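Residue-level listing of the chains:
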Amino acid sequence: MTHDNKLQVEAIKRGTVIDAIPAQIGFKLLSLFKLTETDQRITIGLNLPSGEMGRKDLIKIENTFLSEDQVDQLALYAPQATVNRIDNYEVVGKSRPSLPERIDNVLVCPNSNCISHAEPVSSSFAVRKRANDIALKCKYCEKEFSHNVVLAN
Amino acid sequence: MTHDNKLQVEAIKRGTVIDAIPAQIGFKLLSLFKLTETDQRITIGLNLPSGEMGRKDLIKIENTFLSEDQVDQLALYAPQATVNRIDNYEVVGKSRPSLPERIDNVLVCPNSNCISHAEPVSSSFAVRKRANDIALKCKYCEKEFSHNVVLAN
Amino acid sequence: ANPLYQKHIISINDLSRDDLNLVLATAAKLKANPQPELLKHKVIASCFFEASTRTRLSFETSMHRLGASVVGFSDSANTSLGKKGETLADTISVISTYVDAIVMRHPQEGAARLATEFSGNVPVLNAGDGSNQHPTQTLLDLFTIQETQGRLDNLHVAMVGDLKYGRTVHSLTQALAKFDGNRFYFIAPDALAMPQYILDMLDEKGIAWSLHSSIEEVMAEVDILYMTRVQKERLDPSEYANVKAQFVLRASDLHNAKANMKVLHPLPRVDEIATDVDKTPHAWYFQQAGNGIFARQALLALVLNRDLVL
Amino acid sequence: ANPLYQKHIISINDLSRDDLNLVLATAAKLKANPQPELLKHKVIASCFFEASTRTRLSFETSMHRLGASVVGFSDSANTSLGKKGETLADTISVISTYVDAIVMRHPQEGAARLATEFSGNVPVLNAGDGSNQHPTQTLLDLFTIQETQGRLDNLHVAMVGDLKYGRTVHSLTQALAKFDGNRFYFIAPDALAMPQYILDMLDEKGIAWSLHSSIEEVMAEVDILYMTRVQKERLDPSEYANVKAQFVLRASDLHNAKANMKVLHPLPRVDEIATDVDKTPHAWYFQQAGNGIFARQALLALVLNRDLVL
Amino acid sequence: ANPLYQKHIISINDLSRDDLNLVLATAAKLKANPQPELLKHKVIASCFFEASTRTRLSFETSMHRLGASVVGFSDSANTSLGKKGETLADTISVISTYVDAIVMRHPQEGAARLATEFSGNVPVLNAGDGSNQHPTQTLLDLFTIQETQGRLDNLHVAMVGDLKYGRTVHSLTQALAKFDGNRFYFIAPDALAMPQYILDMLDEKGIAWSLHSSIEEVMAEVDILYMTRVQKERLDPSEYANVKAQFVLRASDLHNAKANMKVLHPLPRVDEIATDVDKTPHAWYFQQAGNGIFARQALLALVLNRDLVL
Amino acid sequence: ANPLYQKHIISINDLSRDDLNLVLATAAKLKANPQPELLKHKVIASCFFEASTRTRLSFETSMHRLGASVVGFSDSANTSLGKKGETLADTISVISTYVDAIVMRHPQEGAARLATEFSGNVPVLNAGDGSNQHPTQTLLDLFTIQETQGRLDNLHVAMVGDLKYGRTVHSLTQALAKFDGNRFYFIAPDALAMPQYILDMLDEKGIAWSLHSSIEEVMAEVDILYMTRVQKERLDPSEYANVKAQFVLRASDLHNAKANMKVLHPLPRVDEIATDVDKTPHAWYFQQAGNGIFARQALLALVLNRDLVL
Ligand SMILES: [Zn+2]
Ligand SMILES: [Zn+2]
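Residues numbered from 1 in each chain as written, not as in the entry; some residues may be left out. Chains lettered and ligands numbered in written order. Part of a larger assembly, values for the part shown. Heavy atoms only, no water.

Deposited coordinates in this entry are attributed by the record to X-ray crystallography, at a stated resolution of 2.2 Å.

Right, dumping it as structure tokens:
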């Protein structure tokens, strides 16, 4: 993707590079998934230029690897992000975000009466895609919501 | 500034560079002061090898300069930080976090009966140093708490 | 003696286009050149059988601005009111022997109407009656509309929220359907749609109205955006949450609105309108709340004063 | 061990066709030959965080008919809040150390589900978690439909009342949908219609259903008439009265009903089933409440016993 | 225009020695030569979000003595106020469009301060806010002290009771620490001592204060004896009883007091001061309560009137 | 006959070292080998004049695990008073004629003691009499300390929280003081310190104790960490927040704790023990609540049986 060989960010020898994160989502990803609570070198680039999409975000975590599941979790936010596994200064393998079947801890139930709101429990939603969108069903109240609503502001 | 290692290093055209942020404080600052809410190219460096000071966080905000007042807000979180002004690829200016007079909308009054909690108002505390310990007095309930207490939140 | 002199103000339907305009003309004048002793020596009963602070405070302030005295009460929280005892007919029969006018708010539809049959010569003003009328709130909504749009004919008015149970949107629709060429846009959740009956009346007049599912869908073309409070109890918290996002106004949604467009809300807003809107020039709910004073002073002056000298 | 041994009964969506037949086969045997000392020495907690005298009395009679002891409590509150603090999690973590099973009713959805996360090896049985589930009422209904019709497949079922909110009809529709050839007639006013998510599942599973205006149109076909209470609070008093008549059952309407046709109702019925219906052989709402005793004994017997020698 | 004209009266700390004296000078004058129509035509909102009859009656009487009108409310006993609904910000935004000044008492610290940010040009006076301020009570305590001692400098003042949680003793200490040479004697139970913070501030000024365990221990040398109510809830009834005897004033304890010494108490007294003291010339709590009227008339006159002509 | 046969269990001060060991030895045997029909035919009254669901549920489960029947009632009230009249004396004189033992909780101190004066030959067991005693909670704690530490002498016990008011820590300190070589670390904010009467008894008996500022200073030494809830109501919200942090336990603080170290808490814990503590092997508050079942069965078995064949 974006290739600057002049003022460019320093490359990582080994780790994970999440590229193509759409702009303004990169920070959310760090927050949501607690990506900063580590001692490893993390390099974040925000609002990076890439004619492919204008501005994109990018994250490089050193000596750290995301499993298939973990990567799948980015599916709601940066669905087109590319997770390139790095080793010895070369992309030893890529990865695309697949929509998983279940999503834990990061979401909040829209249902005001859901018990998950006042208790020591990790939210969990079942994911099922249905034309035009993705439905999310709460493990607790069992109410099904459109992702668009679960991902409110 | 540029962590010129061996191969490559990045640099912004002109803007601000916040260096010497103690480890684990970098991300907080991005979150708290909502620095990531710009169309500007932001470059973040977390857990960088400081060797002497240890591990540090680094933030570079392009075409963006911080007023002395803004620099002062960093005092409670990263008083050691150095905020560098860059113009024409070089450090035209260099300032450091000085203890502010007031601290707006980033803290939370630990007084649970304070009117500030449930309302459309930005918090505000009066900073009063009493030899290293910093007492923070709420603008609303007028209670004075130790900076330790307020900061846990 | 003025058209409204000694009349009872029960339902908006009892007021003609000429009456509405008379009240609104008087209100504007009372706002310009105040008359603080106009009602000096009158005693008005503030009878809130149903408690409502915003409304009571506003009516009473109105009474005070004109020099009148006020006696009254609020929230008759009788422990389980199977029978509070005395009939309302009896209470009004007694109270009408003390005061010069009665402003009442009651929980049951038709209460101010009944009162009328026992107050003798004493005028009774409806401060709200069940899910039926609330005429003073409308006089205030129209006065705020005329003041900001300069007219009550040929407006593009949007009504958003609980169109089904909102007694105020029902009344505003009827009042404005008395002026000409108004186009209505009804934005409401499927379960809270404008009652058929209102649509029916509108059609008879040959007035235009369209139903929209989104506010930004009509944003660009409205002069007035009248938001109402969607009460969660009327809904399931999941379905509430399912529709919420579709009817809450944020400053962003206003980027396409016209310069003259204003947002009104009978208040209280809570979820529906974000505070960020408060800061825009389109926010007019607090100003709308202030106009209640003139709309209310006007009404009282007209009813209690043979001829208005202004 | 039987399939339901030591299992939590939270939602109907968690049980299968077999599980349902297993509970109903056991219920039948216990109704035929009671086992007054099967659960002796067992202590069970009847935790009604939300009071429900009818449901509690039945559940506890069930526990006593099997020889178990009961400790518990009904309701917990203030006015519109409650008290101070202690999570449902700690409450269940504590109680889980005394008793052998937990029956519980709670105002928030998902409460029973959360309890299973803190109860350890103690099975949690849901007696109602807000607008979500109520497993035992559906088992009691199913046992009543089977007992009187002889089967759970190929039935003509008509549901009447408040289908939008009735958590019992949503659940019964989902339970019956696990069997074959059933046909559903939904008869509700427009404001209280069967939600689309249920309609969708029916469609998806190729199950026949249809909306009707009045019980009359379909009385002749129906095998089971399931009624629900349309609470006046879900409607404005005026609205209520207009629809009301369309969904009120009299003995005279049963006129053309099949011999086997039974009228069911979760109760309290109030206005919906006229008293003259109680005298027809079709009235089975009281006999349905009595069966709750056996569907409930069945669950407890199955969840606490590794094997039943029935 | 006078220093206090249009200012908000939120905390005693916002008032300088010059402001206190200006209010006190005005109060004495209003007491001598009354001005019953000074505020004629103003409408003041008496907003007691927290009910307090003594304080409301006094403020309102003050409003009436100057010719002003009053609209308002008291004890908003919402059943379990998890959310009373409207934000306080919104209530003040609306009320400030009706009235000319707002006197408010609220349960939460900082409420009058917040109000200030939404009342626009309308002054808001703090009638009590949580455990923070209550400036009008202090203006009344100082006016009663100056009236009886002839001065606010060089006094030997004793403060007895719940020095820890008494918002009034905290304020009186700060106000008097603005005048020179005052010596404070703090008589309080170990569990209810003067907060460290107050002692700290006092020391900075280089003001003297001593802690006593008994009242008669300092009886002989005090000019003012300011008793406060020790609330039993803050204590155990046994420990309460254990310390009670040590802080209740009886006429006997006064046999050594000076001729000029007066006993003040914000009221209500109950246990702390025996009725036998009422009969002595040192009793001044009821007179102190009467001075609230002039202290309050003064404050309102200054804020609502460009220049005080006296 | 055993020493506790037919005896009242009112205060911990009434039982001896032996009595304590006898109750705990029996508790252990019943926990090992249950006797589900020891108290069959016995009817016991669970009289909770002061509601306490947690304590009642446990006591009653205990009664049922021994085969006894339970009749009783929870709470009795109005708002801030109650009803008319009937002494506790007559109430006990009546109930004493039906049942075989009385378990009772009451808001006033000394209530259980007075009951023994009117109950005749029926033993009265105290489940809590105001701020005074609560015998069974101390027996349950002691049984938990012994079960996990292997002894009641030579322990390092740290008590944290509200020591001034916690009736459970006062009592536990008195119980442990009957054994040898125990050392106590008291860790409380200055306003909630261990009363002097307890400190005096410790001194008098040559028992070592010491105040500490934070759990940190002494974590390494402690065998038992007993926590209590500091109710925010005992402090002003501002005050609370400043101390709070000093007496809140996180999993990370347990870092340097001994293998055998157990964290105990009467419950409800709210803010004081972070949830991440529940996952460490040190968390034993839930297992302590479960033991209440056996310390309680022990008492009932001993008081109602002349001899135990355990
Ligand atoms: Zn949920
Ligand atoms: Zn505050």
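Examining unusual backbone geometry
To be explicit about the condition: Working definition: helices are DSSP H or I runs of at least four residues, strands are E runs of at least two. Numbering for both runs from the N terminus.
Cis geometry marks the peptide bond from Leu267 of chain D to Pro268 of chain D, where omega comes out at 0°. Residue placement: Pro268 of chain D occurs in the loop between β9 (262-264) and α9 (285-304). Of note, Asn63 of chain A is a non-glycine position whose phi angle comes to about 55°, a positive value. Within the fold, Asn63 of chain A resides in the loop between β3 (54-62) and α2 (68-72).

Re the arrangement of the chains
In plain terms, the rule: In this analysis, two residues are considered to be in contact whenever any of their non-hydrogen atoms come within 4.5 Å of each other.
Of all 11 pairs of chains sharing an interface, the pair with the highest contact count is chains A and B. With respect to C-alpha atoms, chain A approaches chain F no nearer than 8 Å, and the pair has no contact.

A closer look at helix α8 (residues 237-244) of chain C
Keep this limit in mind: Exposure categories follow from relative accessible area, calculated using a 1.4 Å probe and restricted to protein chains: below 20% of the type maximum is buried, above 50% is exposed, and the middle band is partly exposed.
Inspection of α8 of chain C places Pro237, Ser238, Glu239, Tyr240 and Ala241 of chain C among the buried residues, and these make up the whole buried set. As for α8 of chain C, its buried residues are in contact with β9 (144-146) and α3 (147-150) of chain A.

Here's the deal with the side chain of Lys143 of chain B
Applicable threshold: Positive charge is attributed to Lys and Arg, negative charge to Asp and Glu, and no charge count is given to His or to the chain ends. Here a salt bridge means any side-chain nitrogen of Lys or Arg lying within 4 Å of a carboxyl oxygen belonging to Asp or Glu. Throughout this description, a polar contact denotes any pair of N or O atoms lying within 3.5 Å of each other; where both atoms belong to protein, one of them has to be capable of donating a hydrogen while the other can accept it, and for residues adjacent in sequence the pair is counted only when both atoms sit in side chains.
Examined against the element boundaries, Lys143 of chain B turns out to sit in the loop between β8 (133-138) and β9 (144-146). Nearest to the buried, unbridged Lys143 of chain B among oppositely charged side chains is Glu109 of chain E, at 4.0 Å. Polar side-chain contacts of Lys143 of chain B include one of 3.4 Å to the side chain of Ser131 of chain E. A distance of 3.4 Å separates a polar atom in the side chain of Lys143 of chain B from a polar atom in the side chain of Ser238 of chain F. With sequence-adjacent residues up to four places away left out, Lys143 of chain B is seen in contact with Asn111, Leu136, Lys137 and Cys138 of chain B, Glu109 and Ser131 of chain E together with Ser238 of chain F.

Comments concerning the coordination of the zinc ion (ligand 1)
Residues and elements named next belong to chain A. Rules: Only N, O and S atoms count as donors, using a 2.8 Å limit from the metal and a wider 3.2 Å limit for Na, K and Ca, and since water is excluded some coordination spheres may look unfilled.
All of the protein donors around the zinc ion (ligand 1) are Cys109 (SG), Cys114 (SG), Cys138 (SG) and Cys141 (SG); their distances to the metal are 2.3 to 2.4 Å. In primary-sequence terms, the residues that donate to the zinc ion (ligand 1) follow C-x4-C-x23-C-x2-C. On the basis of relative accessible area, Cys138 is assigned to the buried category, the value being 2%.

Looking at the domain arrangement of chain C
Residue and element names in this part refer to chain C. Cut-off, in case you're wondering: Note that the domain bounds were set by an automatic or database domain assignment. By convention, the term buried area covers the 1.4 Å-probe accessible surface removed from two parts as they join, with the contributions of both added.
Parsing chain C into structural domains produces domain 1 (1-133 + 292-310) and domain 2 (134-291). For domain 1 versus domain 2, the distance between C-alpha centres works out to 26 Å. Interface area for domain 1 against domain 2, summed over the two sides, is near 2400 Å², with a carbon-plus-sulfur share of 57%. Contact with domain 2 buries area across many residues of domain 1, yet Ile12, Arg17 and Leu24 alone supply 28% of it, more than any other trio.

As for the sheet that holds strand β2 (residues 69-73) of chain E
All names here are of chain E. For clarity, the cut-off: Between any two strands, pairing holds if DSSP finds at least two bridges. Helix axes use the C-alpha atoms of the stretch in contact, all axes being lines fitted to C-alpha atoms, and the angles between their N-to-C directions lie in the range 0 to 180 degrees.
The four strands lie next to each other as β2-β1-β3-β4, forming an open sheet whose pairing is parallel. In this open sheet, the two edge strands, each paired with only one partner strand, are β2 and β4 (124-129). Here the strands of the sheet are splayed against their neighbours by 15° on average, with no regard to which way each runs. Here strand β1 (residues 43-48) runs beside β2; their pairing, made up of five bridges, is parallel. Along β2, the bridge assignment pairs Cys47 with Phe73.

Describing the interface of chain E and chain D
The test is simple: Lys, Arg, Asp and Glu make up the charged group, whereas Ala, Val, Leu, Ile, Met, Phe, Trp, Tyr, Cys and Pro make up the nonpolar group; the residues left over, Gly among them, are polar.
Contacts between the two partners involve four residues from chain E and, on the opposite side, four residues from chain D. At the boundary of chain E and chain D, one finds zero salt bridges. Applying the counting criterion to the chain E and chain D interface returns four residue pairs in polar contact. Class assignment of the residues belonging to the side of chain E that touches chain D gives a composition of one nonpolar, three polar and no charged.

Here we look at the nonpolar core
Which entries qualify depends on this criterion: Residues grouped as a nonpolar core are buried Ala, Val, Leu, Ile, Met, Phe, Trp, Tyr and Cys residues, joined through side-chain atoms within 4.5 Å.
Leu225 of chain C together with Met104 of chain E are the most contacted members of the largest nonpolar core, which has 226 residues in total. Ranked by residues supplied to this core, first place goes to helix α9 (residues 285-304) of chain F with 12 residues. Discounting residues that sit within four places of it in the chain, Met104 of chain E has contacts with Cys47, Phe49, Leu88, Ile92, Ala111, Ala112, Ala115, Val124, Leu125, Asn126, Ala127 and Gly128 of chain E. Among the nonpolar cores identified, the runner-up in size contains 59 residues, and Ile12, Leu20, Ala175 and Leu308 of chain E belong to it.

Quick word on the coordination of the zinc ion (ligand 2)
Residues and elements named next belong to chain B. Spelled out, the test is: Square planar and octahedral sites, with four and six donors, are those where opposite donors lie more than 155 degrees apart and all other angles lie between 65 and 115, tetrahedral sites have four donors with every angle between 85 and 135 degrees, and the rest are irregular.
Only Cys109 (SG), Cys114 (SG), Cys138 (SG) and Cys141 (SG) from the protein coordinate the zinc ion (ligand 2), and they sit 2.3 Å from it. Geometry at the zinc ion (ligand 2) is tetrahedral, judged from its four donor atoms and the angles of 97 to 114° they form at the metal. Since its relative accessible area comes to 3%, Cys109 is described here as buried.

Digging into the packing of helix α5 (residues 135-149) of chain F against helix α6 (residues 167-176) of chain F
All names here are of chain F. Formally: An angle below 35 degrees is treated as roughly parallel, one above 145 as roughly antiparallel, one from 65 to 115 as roughly perpendicular, and anything else as oblique. Left-handed describes a crossing whose near helix is turned anticlockwise from the far helix by less than a right angle; the clockwise case is right-handed.
With their axes 10 Å apart at the nearest point, α5 and α6 run at an angle of 55° to one another. In terms of orientation, α5 and α6 fall into the oblique class. Crossing geometry of α5 relative to α6 is assigned as right-handed. From α5, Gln137, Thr138, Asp141, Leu142 and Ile145 reach across to α6, where they touch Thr168, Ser171, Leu172, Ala175 and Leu176. Split into classes, the residues belonging to the contact of α5 with α6 amount to five nonpolar, four polar and one charged.

A few points about the domain arrangement of chain A
Reports often express the size of an interface as the amount of accessible area lost when the parts come together. Residues and elements named next belong to chain A. Domains assigned within chain A are domain 1 (8-100) and domain 2 (101-153). Taken together, the contacts link seven residues of domain 1 with 10 residues of domain 2. When the two sides are added together, the surface that domain 1 and domain 2 hide from each other amounts to roughly 770 Å², 73% of it contributed by carbon and sulfur. The largest share of the area that domain 1 buries against domain 2 comes from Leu76, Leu99 and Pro100, three residues that together contribute 62% of it. Summed over the shared surface of domain 1 and domain 2, the number is zero salt bridges. At the surface where domain 1 touches domain 2, the tally comes to one residue pair in polar contact. Class assignment for the residues of the side of domain 1 that touches domain 2 results in six nonpolar, one polar and no charged.

Here we look at the pairing of strand β7 (residues 208-212) of chain E
Residues and elements named next belong to chain E. Selection rule: Here the term right-handed applies to a crossover when the path leading from its first strand over the helix to its second strand runs clockwise, the strands being oriented away from the viewer.
Where strand β6 (residues 183-187) meets β7, five bridges bridge the pair, whose relative direction is parallel. Of the residues in β7, the one forming a bridge with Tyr185 is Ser210. Regarding topology, helix α7 (residues 196-205) serves as the crossover connection from β6 to the parallel β7, and that connection is right-handed.

Structural notes on the interface of chain B and chain A
Tallying the contact residues gives 26 residues for chain B and 24 residues for chain A. In this assembly, chain B packs against chain A so that about 2200 Å² is buried in total across both faces, 51% of it on carbon and sulfur atoms. The largest share of the area that chain B buries against chain A comes from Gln8, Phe27 and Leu46 of chain B, three residues that together contribute 27% of it. The interface formed by chain B and chain A includes zero salt bridges. At the boundary of chain B and chain A, one finds 14 residue pairs in polar contact. Sorting the residues of the side of chain B that touches chain A by element identifies α1 (26-32) and β2 (42-49) of chain B as the ones contributing at least two each. Element by element, the count of residues in the side of chain B that touches chain A is highest for β2 of chain B, at eight residues. Counted by class, the side of chain B that touches chain A contains 10 nonpolar, 10 polar and six charged residues. In the sheet, strand β2 (residues 42-50) of chain A pairs with β2 of chain B via five bridges, with the strands oriented antiparallel.

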